[PDB]
Amino acid sequence: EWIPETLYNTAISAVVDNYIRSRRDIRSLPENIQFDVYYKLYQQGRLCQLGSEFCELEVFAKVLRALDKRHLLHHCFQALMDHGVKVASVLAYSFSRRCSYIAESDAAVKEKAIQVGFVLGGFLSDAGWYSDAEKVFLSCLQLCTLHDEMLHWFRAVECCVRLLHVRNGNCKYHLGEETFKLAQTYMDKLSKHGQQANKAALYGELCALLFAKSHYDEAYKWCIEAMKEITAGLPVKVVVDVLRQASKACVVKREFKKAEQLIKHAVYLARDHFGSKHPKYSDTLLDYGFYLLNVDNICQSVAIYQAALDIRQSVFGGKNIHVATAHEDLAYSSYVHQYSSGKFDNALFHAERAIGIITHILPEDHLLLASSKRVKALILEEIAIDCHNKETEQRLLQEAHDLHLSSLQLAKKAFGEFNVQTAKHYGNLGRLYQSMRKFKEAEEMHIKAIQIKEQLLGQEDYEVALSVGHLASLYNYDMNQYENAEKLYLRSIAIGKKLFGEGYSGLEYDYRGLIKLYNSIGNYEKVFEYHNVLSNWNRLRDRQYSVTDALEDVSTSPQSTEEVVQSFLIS
Amino acid sequence: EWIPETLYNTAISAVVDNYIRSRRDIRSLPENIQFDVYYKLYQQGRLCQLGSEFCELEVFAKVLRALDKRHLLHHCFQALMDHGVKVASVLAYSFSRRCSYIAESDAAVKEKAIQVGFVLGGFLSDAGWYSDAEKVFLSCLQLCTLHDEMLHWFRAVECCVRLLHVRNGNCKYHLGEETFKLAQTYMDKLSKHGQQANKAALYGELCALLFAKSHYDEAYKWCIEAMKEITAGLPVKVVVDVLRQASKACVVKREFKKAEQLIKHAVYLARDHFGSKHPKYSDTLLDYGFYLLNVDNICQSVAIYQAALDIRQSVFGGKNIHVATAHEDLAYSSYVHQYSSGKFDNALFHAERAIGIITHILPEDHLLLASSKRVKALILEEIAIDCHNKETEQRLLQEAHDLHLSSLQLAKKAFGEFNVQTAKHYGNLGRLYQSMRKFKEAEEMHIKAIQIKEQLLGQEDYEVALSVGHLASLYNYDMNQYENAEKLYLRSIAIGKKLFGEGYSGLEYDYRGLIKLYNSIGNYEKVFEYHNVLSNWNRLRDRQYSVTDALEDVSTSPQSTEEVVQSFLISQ
Amino acid sequence: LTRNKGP
Amino acid sequence: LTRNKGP
Ligand SMILES: [Zn+2]
């Protein structure tokens with residue numbers, strides 16, 4: 001309707017058009033104007049004029065104090081890193097160099113820098129520059145451990161809970177345990193002087209540290225300890241983080257009743273305070289889609305990951321580790337959802353995009369490449385089977401042969417040989433060797449995959465049963481070991497029935513294997529029965545996936561805080 | 001495994017193979033053997049040798065006494081009626097002649113004759129020979145009137161409730177009221193003697209009559225009166241009949257909460273006492289499919305009718321009016337289910353079978369053809385609408401014109417000008433006129449149907465909404481009366497969400513009509529404001545498409561008797 | 001299409 | 001589809 005522009009917006013464009021002459025005076029403007037002048041430079045595409053000021057710590061500390069427009073700063077900063085200027089590396093180094101210059105100074109300035117280091121390091125941790133946020137927090141931690149005043153131990157843990165968050169996302173787990181041990185040094189000493197600091201965010205990081213190393217028995221131990229310290233007076237960001245990590249640790253313990261009430265509360269709790277276009281809300285959705293994918297609620301799990309990616313594709317620009325983690329999670333879910341269809345074009349595009357981002361920003365010998373290379377390799381081996389060309393089949397399998405063994409070494413070097421991720425990479429090699437006509441190597445991988453999954457996790461688990469069916473399918477379809485596949489097919493189904501009932505989608509690949517099991521040895525009476533069971537599974541499968549999208553499943557105000565924790569704790 | 005057959009079956013085959021020589025001595029066999037010899041003759045294809053004995057009333061009366069294998073006897077009897085011998089007419093004539101002979105006799109022989117007539121007329125009414133079952137029941141009723149004692153007064157009500165049932169399925173609604181007045185006469189004079197007779201079956205017959213006659217307001221009153229009289233000592237057949245008739249009557253009154261429980265309990269009772277392959281269970285399945293077809297449950301309504309038809313295609317295999325009723329009920333349900341797809345090959349095949357049976361067994365001027373030839377016509381226009389050939393479209397539209405006008409004449413002669421079914425045929429003729437490019441009198445048909453639907457059934461009702469939806473579609477597509485279709489579409493959606501919410505199937509059609517209406521009168525800001533509502537309807541139907549199959553919806557022991565009746569009574 | 005189901 | 005999804 002041709003609404004005239006505000007005099008404020010009109011004066012933004014006039015100052016930006018005369019930026020070079022007045023670049024010194026803009027730095028003396030109020031923070032709300034100063035961010036808007038700098039945001040207009042990004043909108044005009046003048047990233048070099050804008051990026052030459054974000055490289056300065058004092059200027060960036062001023063635009064970090066505009067808290068409401070952080071969704072635009074996270075998008076200018078990401079556009080700057082993609083533009084080719086290392087503002088995250090400079091600001092982390094410029095702060096650390098400046099931080100080390102006030103070590104002998106007074107405690108009045110030494111506390112202002114920690115305030116600057118928490119809004120800067122917390123921004124880089126939010127933006128996904130964990131290798132650079134860690135350098136900021138290590139300087140903030142060094143400030144807390146010089147003068148032994150009462151408030152300093154209250155902040156040294158507050159560094160060590162964020163120093164531990166920037167090492168979990170950076171996969172520095174072997175420094176993660178050293179950080180938590182360092183956190184208790186100031187936590188115990190603070191508790192001595194009549195002040196019990198709240199161990200809620202600190203214990204929640206181990207719920208993600210130990211889950212990442214697949215110490216599920218150990219992670220659930222600290223999952224309970226984290227939620228015992230949740231208080232209604234805590235920040236929502238701290239509370240939301242614990243509920244996500246608790247949900248992640250509860251699902252992998254093969255218990256789902258307690259997990260749904262936590263994450264669904266967390267999705268609503270993040271959608272209330274933050275909104276539907278916040279990085280923290282997208283963090284819940286990826287953890288919420290972690291629930292749906294594992295509990296076989298796969299049809300709506302793609303939308304949750306797609307919703308999470310759409311938030312991160314807007315806030316976090318083009319090439320970010322937070323966009324990449326959303327891509328590699330959506331690609332796996334699109335792999336799982338479209339596994340029955342056999343078409344992998346959206347899934348491969350997301351999987352290729354995730355590795356195209358991680359390889360650009362992270363080193364080629366980094367642990368987050370293990371999950372991204374794995375997801376694409378599962379897609380690559382399934383595209384070549386579905387296509388008819390033999391040369392493409394013999395190349396994509398070898399292309400996926402590169403990724404799994406490259407991924408396996410990353411898991412073996414970091415997590416060790418005896419761990420779930422290492423065993424989970426063996427199971428993918430078991431699928432891989434089966435499709436590469438190397439049948440004898442596929443068996444010894446599956447036996448090694450089970451004997452590790454069965455050992456640490458236990459006899460009855462989702463992960464071990466999912467790989468038994470692959471071993472059962474190997475003994476059945478091609479290498480003609482029908483005497484051994486019978487007990488493995490039933491073992492996989494029995495565990496699947498126990499945790500998922502008849503709605504588990506993998507029973508189709510188990511019932512069809514059982515049909516093939518008896519068509520070559522005899523006992524045709526069970527073929528009719530299992531076909532009926534497959535028929536019984538078929539129409540029962542078409543009863544629950546038609547439920548509405550999980551975004552509105554949480555609804556509005558379903559439950560309340562300090563009650564979901566209590567409901568979880570008693571059970 | 002080759003298990004040897006029993007000596008009973010071996011001697012059955014040996015006696016049949018020597019049937020002609022020993023046909024006289026077979027008639028002296030016990031009751032259970034005689035049916036097995038006769039069913040063996042049927043199995044051997046010797047219908048014409050078998051039909052020589054079923055035409056005798058004495059022989060068939062002993063065959064009827066074997067109630068275990070009545071499912072076999074119905075199929076055998078239907079095979080004989082299709083064989084070319086009119087056994088049902090012969091049996092009814094023989095029974096009436098013998099009753100007219102033994103009317104002037106003692107009460108013991110009259111008791112025996114009334115029992116024979118009860119079993120025989122009940123069999124023929126179960127078989128579907130209503131015109132041939134009135135004669136038996138009229139003979140029994142005549143036997144009840146010669147002596148005015150207590151037992152004759154008691155059984156005259158039974159003859160008049162079974163005579164009412166063979167006159168609602170035969171569409172003798174004009175004689176039904178007279179029969180019911182006679183039933184009240186005997187019931188009142190029985191109540192004068194300090195002995196009340198239970199009135200559940202008779203009032204259920206009135207419920208069926210007045211629903212078929214489309215006196216819904218009084219049909220509801222009479223089903224209330226029927227279910228006030230359901231006790232625990234009643235036969236299960238009577239209770240099932242009353243429950244299913246009251247379920248049918250509650251649907252047309254637009255109270256879709258009690259009818260669910262009524263039809264669920266009726267289906268449970270039918271599947272418990274009788275079984276899953278009994279004609280009574282098939283009748284309950286037809287009424288249950290009527291329920292599902294009415295409230296939006298088309299995908300299971302077509303499944304229940306297929307279950308109902310498969311029962312009647314085995315108990316009554318051949319040209320029977322019950323198989324024809326199942327066909328004409330299923331064809332309309334398949335018409336609704338395949339309406340969105342537009343492919344009518346199974347539905348047309350089942351609609352043609354229904355007419356192919358009724359025209360064979362019933363006269364060409366009979367009311368059940370009106371409900372049959374209409375349904376096929378609804379298919380014939382929809383095939384004509386969904387085909388590209390102009391000549392084929394014209395020929396099928398003319399055929400549907402003939403069928404609709406014949407059905408309208410049958411309904412007008414039977415019921416009258418001002419009734420619900422006549423308005424149904426008026427609305428069908430309006431839709432057909434809209435299809436045959438004759439929009440001038442399609443509007444006349446639509447207002448003619450609406451002025452009868454909203455008068456008798458109230459201004460807000462399901463069929464009123466459907467007719468005003470047809471009128472709005474006629475206005476806003478080609479007639480280009482865009483200032484009148486809007487209020488009719490709003491009325492349609494307001495009535496639809498009143499009873500069925502936003503899950504109604506016609507909402508897609510009226511929303512597309514609204515899009516067409518708004519794409520030519522400006523107001524482009526509302527085209528997408530209704531397109532997103534159409535998308536919401538589409539996703540609602542996608543989510544509601546997955547419902548458990550209606551056959552096991554009743555499950556096993558959902559409720560108990562004398563509980564659903566009481567809940568229905570106190571819910572008023 | 002173009003109309004609803006017949007009554 | 002001779003096997004299951006990847007863990
Ligand atoms: Zn013959």
# chains A, B, ... in the order shown; residues from 1 in each chain; ligands from 1
call {"tool": "select_by_dssp", "arguments": {"residues": "range 275-515 of chain A", "states": "helix (DSSP H, G or I)", "output": "ChimeraX atom specification"}}
result
/A:279-294,301-315,321-337,346-361,368-386,390-415,420-435,439-456,462-477,482-503,507-515
call {"tool": "residues_around", "arguments": {"residues": "residue 5 in chain C", "least_positions_apart": "6", "cutoff": "9 Å", "atoms": "only C-alpha atoms", "output": "ChimeraX atom specification"}}
result
/B:335-336,339,378,466,470,506
call {"tool": "residues_around", "arguments": {"residues": "residue 89 in chain B", "least_positions_apart": "6", "cutoff": "9 Å", "atoms": "only C-alpha atoms", "output": "PyMOL selection string"}}
result
chain B and resi 129+131-133
call {"tool": "residues_around", "arguments": {"residues": "residue 3 in chain C", "least_positions_apart": "3", "cutoff": "9 Å", "atoms": "only C-alpha atoms", "output": "number ranges by chain"}}
result
B: 431, 469-470, 472-474, 506, 509-510, 513; C: 6
call {"tool": "residues_near_ligand", "arguments": {"ligand": "ligand 1", "cutoff": "10 Å", "atoms": "only C-alpha atoms and all ligand atoms", "output": "MDAnalysis selection string"}}
result
chainID B and resid 46:52 80:81 83:85
call {"tool": "write_last_selection", "arguments": {"atoms": "N, CA and C atoms", "output": "compact mmCIF listing (two decimals), in the first residue's frame"}}
result
# COMPACT_ATOMS: atom_id res chain seq x y z
N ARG B 46 -30.15 -83.37 -8.40
CA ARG B 46 -31.46 -83.91 -8.73
C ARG B 46 -32.56 -83.04 -8.13
N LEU B 47 -32.56 -81.77 -8.53
CA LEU B 47 -33.57 -80.83 -8.06
C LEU B 47 -34.96 -81.24 -8.52
N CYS B 48 -35.08 -81.73 -9.76
CA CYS B 48 -36.39 -82.05 -10.29
C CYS B 48 -36.95 -83.31 -9.65
N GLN B 49 -36.08 -84.22 -9.22
CA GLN B 49 -36.52 -85.35 -8.41
C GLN B 49 -36.83 -84.92 -6.99
N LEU B 50 -36.10 -83.93 -6.48
CA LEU B 50 -36.33 -83.39 -5.15
C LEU B 50 -37.55 -82.47 -5.10
N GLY B 51 -37.75 -81.66 -6.14
CA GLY B 51 -38.88 -80.75 -6.17
C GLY B 51 -40.22 -81.44 -6.20
N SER B 52 -40.25 -82.71 -6.59
CA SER B 52 -41.49 -83.48 -6.56
C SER B 52 -41.96 -83.76 -5.15
N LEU B 80 -34.43 -74.74 -5.66
CA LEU B 80 -35.68 -75.20 -6.26
C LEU B 80 -36.47 -74.04 -6.87
N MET B 81 -36.52 -72.89 -6.19
CA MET B 81 -37.26 -71.77 -6.75
C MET B 81 -36.61 -71.23 -8.01
N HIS B 83 -34.96 -73.33 -9.94
CA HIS B 83 -35.02 -74.47 -10.84
C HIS B 83 -36.17 -74.36 -11.83
N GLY B 84 -37.17 -73.53 -11.53
CA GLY B 84 -38.33 -73.38 -12.38
C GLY B 84 -39.62 -73.85 -11.75
N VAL B 85 -39.55 -74.55 -10.63
CA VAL B 85 -40.73 -74.97 -9.90
C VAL B 85 -41.05 -73.93 -8.84
call {"tool": "residues_around", "arguments": {"residues": "residue 1 in chain C", "least_positions_apart": "5", "cutoff": "10 Å", "atoms": "only C-alpha atoms", "output": "VMD selection string"}}
result
chain B and resid 339 to 342 382 385 to 386 508 to 509 512 to 513
call {"tool": "write_last_selection", "arguments": {"atoms": "N, CA and C atoms", "output": "mmCIF file, in the first residue's frame"}}
result
data_model
loop_
_atom_site.group_PDB
_atom_site.id
_atom_site.type_symbol
_atom_site.label_atom_id
_atom_site.label_comp_id
_atom_site.auth_asym_id
_atom_site.auth_seq_id
_atom_site.Cartn_x
_atom_site.Cartn_y
_atom_site.Cartn_z
ATOM 1 N N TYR B 339 -17.226 -42.895 -5.608
ATOM 2 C CA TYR B 339 -17.630 -41.621 -6.193
ATOM 3 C C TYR B 339 -16.427 -40.717 -6.436
ATOM 4 N N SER B 340 -15.506 -40.653 -5.471
ATOM 5 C CA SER B 340 -14.302 -39.847 -5.648
ATOM 6 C C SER B 340 -13.424 -40.400 -6.763
ATOM 7 N N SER B 341 -13.259 -41.724 -6.815
ATOM 8 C CA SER B 341 -12.472 -42.327 -7.885
ATOM 9 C C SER B 341 -13.183 -42.209 -9.227
ATOM 10 N N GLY B 342 -14.507 -42.336 -9.231
ATOM 11 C CA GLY B 342 -15.273 -42.249 -10.457
ATOM 12 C C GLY B 342 -15.308 -43.511 -11.285
ATOM 13 N N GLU B 382 -23.239 -41.117 -13.427
ATOM 14 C CA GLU B 382 -21.861 -40.884 -13.014
ATOM 15 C C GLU B 382 -20.866 -41.553 -13.947
ATOM 16 N N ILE B 385 -21.114 -39.016 -16.825
ATOM 17 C CA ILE B 385 -20.348 -37.812 -16.519
ATOM 18 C C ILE B 385 -18.856 -38.076 -16.677
ATOM 19 N N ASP B 386 -18.392 -39.250 -16.245
ATOM 20 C CA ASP B 386 -16.974 -39.588 -16.258
ATOM 21 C C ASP B 386 -16.557 -40.372 -17.501
ATOM 22 N N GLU B 508 -15.469 -31.438 0.793
ATOM 23 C CA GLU B 508 -14.552 -31.236 -0.325
ATOM 24 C C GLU B 508 -15.287 -30.687 -1.541
ATOM 25 N N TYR B 509 -16.444 -31.269 -1.861
ATOM 26 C CA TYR B 509 -17.205 -30.819 -3.020
ATOM 27 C C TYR B 509 -17.750 -29.410 -2.828
ATOM 28 N N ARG B 512 -14.793 -26.924 -3.093
ATOM 29 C CA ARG B 512 -14.422 -26.689 -4.485
ATOM 30 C C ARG B 512 -15.469 -25.842 -5.198
ATOM 31 N N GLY B 513 -16.748 -26.053 -4.877
ATOM 32 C CA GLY B 513 -17.784 -25.176 -5.397
ATOM 33 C C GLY B 513 -17.613 -23.739 -4.942
#
call {"tool": "closest_residue", "arguments": {"among": "A:400, A:336, A:356, A:479", "to": "chain D", "atoms": "only C-alpha atoms"}}
result
A:336
call {"tool": "decode", "arguments": {"residues": "range 162-201 of chain B", "atoms": "C-alpha atoms", "output": "PDB file, in the first residue's frame"}}
result
ATOM      1  CA  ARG B 162     -45.582 -61.981  11.477  1.00  0.00           C
ATOM      2  CA  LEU B 163     -48.195 -60.796   8.969  1.00  0.00           C
ATOM      3  CA  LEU B 164     -46.930 -57.250   9.485  1.00  0.00           C
ATOM      4  CA  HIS B 165     -43.348 -58.342   8.775  1.00  0.00           C
ATOM      5  CA  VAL B 166     -44.290 -59.993   5.461  1.00  0.00           C
ATOM      6  CA  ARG B 167     -46.069 -56.776   4.486  1.00  0.00           C
ATOM      7  CA  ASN B 168     -43.226 -54.315   5.129  1.00  0.00           C
ATOM      8  CA  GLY B 169     -40.739 -56.363   3.122  1.00  0.00           C
ATOM      9  CA  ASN B 170     -43.401 -56.745   0.431  1.00  0.00           C
ATOM     10  CA  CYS B 171     -44.087 -52.971   0.536  1.00  0.00           C
ATOM     11  CA  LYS B 172     -47.772 -53.401   1.340  1.00  0.00           C
ATOM     12  CA  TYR B 173     -47.683 -50.400   3.656  1.00  0.00           C
ATOM     13  CA  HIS B 174     -51.368 -49.644   3.058  1.00  0.00           C
ATOM     14  CA  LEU B 175     -52.290 -53.067   4.456  1.00  0.00           C
ATOM     15  CA  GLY B 176     -49.723 -52.739   7.245  1.00  0.00           C
ATOM     16  CA  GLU B 177     -51.739 -50.152   9.165  1.00  0.00           C
ATOM     17  CA  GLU B 178     -54.873 -52.308   8.899  1.00  0.00           C
ATOM     18  CA  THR B 179     -52.911 -55.334  10.119  1.00  0.00           C
ATOM     19  CA  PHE B 180     -51.576 -53.328  13.058  1.00  0.00           C
ATOM     20  CA  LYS B 181     -55.055 -52.065  13.950  1.00  0.00           C
ATOM     21  CA  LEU B 182     -56.222 -55.686  13.996  1.00  0.00           C
ATOM     22  CA  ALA B 183     -53.192 -56.494  16.164  1.00  0.00           C
ATOM     23  CA  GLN B 184     -54.221 -53.791  18.641  1.00  0.00           C
ATOM     24  CA  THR B 185     -57.755 -55.207  18.590  1.00  0.00           C
ATOM     25  CA  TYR B 186     -56.584 -58.636  19.738  1.00  0.00           C
ATOM     26  CA  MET B 187     -53.957 -57.155  22.077  1.00  0.00           C
ATOM     27  CA  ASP B 188     -56.538 -54.929  23.784  1.00  0.00           C
ATOM     28  CA  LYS B 189     -59.074 -57.723  24.186  1.00  0.00           C
ATOM     29  CA  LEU B 190     -56.282 -59.896  25.610  1.00  0.00           C
ATOM     30  CA  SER B 191     -55.359 -57.125  28.056  1.00  0.00           C
ATOM     31  CA  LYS B 192     -59.009 -56.940  29.146  1.00  0.00           C
ATOM     32  CA  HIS B 193     -58.717 -60.530  30.425  1.00  0.00           C
ATOM     33  CA  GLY B 194     -55.887 -59.634  32.818  1.00  0.00           C
ATOM     34  CA  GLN B 195     -53.113 -61.007  30.599  1.00  0.00           C
ATOM     35  CA  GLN B 196     -50.910 -58.476  28.829  1.00  0.00           C
ATOM     36  CA  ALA B 197     -49.011 -59.581  25.725  1.00  0.00           C
ATOM     37  CA  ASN B 198     -45.538 -58.204  25.088  1.00  0.00           C
ATOM     38  CA  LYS B 199     -45.513 -55.571  22.347  1.00  0.00           C
ATOM     39  CA  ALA B 200     -41.818 -55.382  21.424  1.00  0.00           C
ATOM     40  CA  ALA B 201     -42.043 -57.235  18.104  1.00  0.00           C
TER      41      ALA B 201
END
